[PDB]
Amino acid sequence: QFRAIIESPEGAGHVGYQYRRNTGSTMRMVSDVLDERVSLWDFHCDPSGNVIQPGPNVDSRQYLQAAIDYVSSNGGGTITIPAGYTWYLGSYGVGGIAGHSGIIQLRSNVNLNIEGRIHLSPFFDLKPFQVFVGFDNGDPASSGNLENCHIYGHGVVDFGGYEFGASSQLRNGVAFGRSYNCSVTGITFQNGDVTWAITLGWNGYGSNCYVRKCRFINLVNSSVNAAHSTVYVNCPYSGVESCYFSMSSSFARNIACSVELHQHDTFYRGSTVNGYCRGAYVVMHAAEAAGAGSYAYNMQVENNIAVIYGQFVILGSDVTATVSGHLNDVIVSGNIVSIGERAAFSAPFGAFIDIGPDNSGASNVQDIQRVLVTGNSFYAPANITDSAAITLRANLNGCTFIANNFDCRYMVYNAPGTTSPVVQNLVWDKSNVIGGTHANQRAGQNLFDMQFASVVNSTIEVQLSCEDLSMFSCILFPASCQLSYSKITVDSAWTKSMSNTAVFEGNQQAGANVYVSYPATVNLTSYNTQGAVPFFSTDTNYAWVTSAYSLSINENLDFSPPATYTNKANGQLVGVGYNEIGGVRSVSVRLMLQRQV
């Protein structure tokens, strides 16, 4: 009678226990203590309650769902996915997650400690899927929330290596949904062809979601894959920290991005990226503004390490029929980034910052301002023509660069015959150091190629740190680019032998509120008079010059040209030199031309 009870499933509920024989402790039963924890083993059984061994011919989905459902009913807990086993998933889930191609439905307060491996079975080959889904409805707008759900451990989610079946399909690892206080920590996501590994939030709904100390390895493998971003952050007060991202496929170099930050108060820090096209999108989509407003602000990309083939940070905002998105108050700092070894033009255009047009290619919808890019290093190998500190391809309302080291082909670039951005408040401080890797590679090119509709309230302080006499100019403005209320300077160091330093093809440097200085070579002739004697430029293209001074030595004993010059109404420079002996003098001098500076 007793023996029957003990051998039955209620047996442990009849064996008494008291902690460490402490007479002050609770008099419990063994089952009570065992009930303090829970694992997949407690649900991975047949209809008679006999345990089933996991394996490639067993679909563990229903058992894991039963475990989640049950623990949810008790107000939460943590379910262990045991180490030393691979648990295969081989069918779709049902109900609310079916509209998301869901496999498992996550529930509030139910954490998963993944110590073993979770693997997708070949049922999923060529099919869409989202492995873990926190939505509870096929329509995310009708979904309830997921709260207090954490996935962590030393285990692995393996996507089975299966290619996408069609470019239009979506695949995801964890979609937390309308997610509040959810996180993934320590998990390795590997061996797939997916759209995302993890998505946080839904159109601004959610908060306090984080991805920390995760690894993402080889998650693009085919030409069918339309696009890949490993973590898409779509709720505020959320971010990615201390993660590792690696791709090996050729396709990843063209399509894969590590992180996207799509809502305010989000961050991407302390991570390492290899083999990707792009580092991070930092954007406000008007279409995603429902949950947290139409502004992406307090956006932080800091202290990351990356080898990429396209652009590191892409900035943007856009509009819908009724909502306008805005991006402001962004900081990009402490990152060390290189374009990996590749042929020129063999991947999307290399850039540290890209100001990206919208998804339809429009460059006149953006509202991007108050961005600080500081204390970063960027490098691109000498052969990579398509590399720039900033590719400025859409309207920009402000971006500030201070104290970076940029070693690539271009500093500021946009292509002519493409977009014509309207640029305001572009600040390039003199503390940005321009590297020399691309010296001698710049035939026919302008280091700062200002291919814009207009530039206002901008500062470009060019400072070279080595010679590059191959370049056509340091900075060039086409006649089509209006320039006003701006400061453009070219420091003289390493420029003595340059034919062109700053070029203004529409003579824009003459503007009332343009403040400019740059070196030029000027031919002068003096009057004959002995003593104090004027020297005048032969050319008459200096009506805009407020002062100029000598950057040349005087090889003569019998006279000296002026140290400094002003101009005249007819566009000549004029200054007072000294003829020890009389005579008409003719000299060619290197001058720093200055306007209002």
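So that there is no doubt, residue numbering starts at 1 and follows the sequence shown.
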Problem set entry | Higher-scoring stretch by recorded Cα B factor average, 315 to 323 or 420 to 428 | 315 to 323
Seminar exercise, completed: Between 524 to 532 and 44 to 52, the record assigns the higher mean Cα B factor to 44 to 52
Exercise. Between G239, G99, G275, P381, which carries the biggest CA temperature factor in the record?
Worked result: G99
Exercise. What's the residue among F245, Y309, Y281, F135 with the greatest CA temperature factor in the PDB record?
Worked result: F135
Exercise. Mind checking which third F559 falls in for C-alpha B-factor across the chain?
Worked result: lowest
For this session: Could you look up the Cα B-factor of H119 in the entry and say which third of the chain it sits in: lowest, middle or highest?
Result: highest
Problem set entry | CA B-factor ranking of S60, expressed as a third of its chain | highest
Seminar exercise, completed: On the chain's distribution of Cα B-factors, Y70 falls within the third called highest
Problem set entry | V584 CA temperature factor, ranked by third within the chain | middle
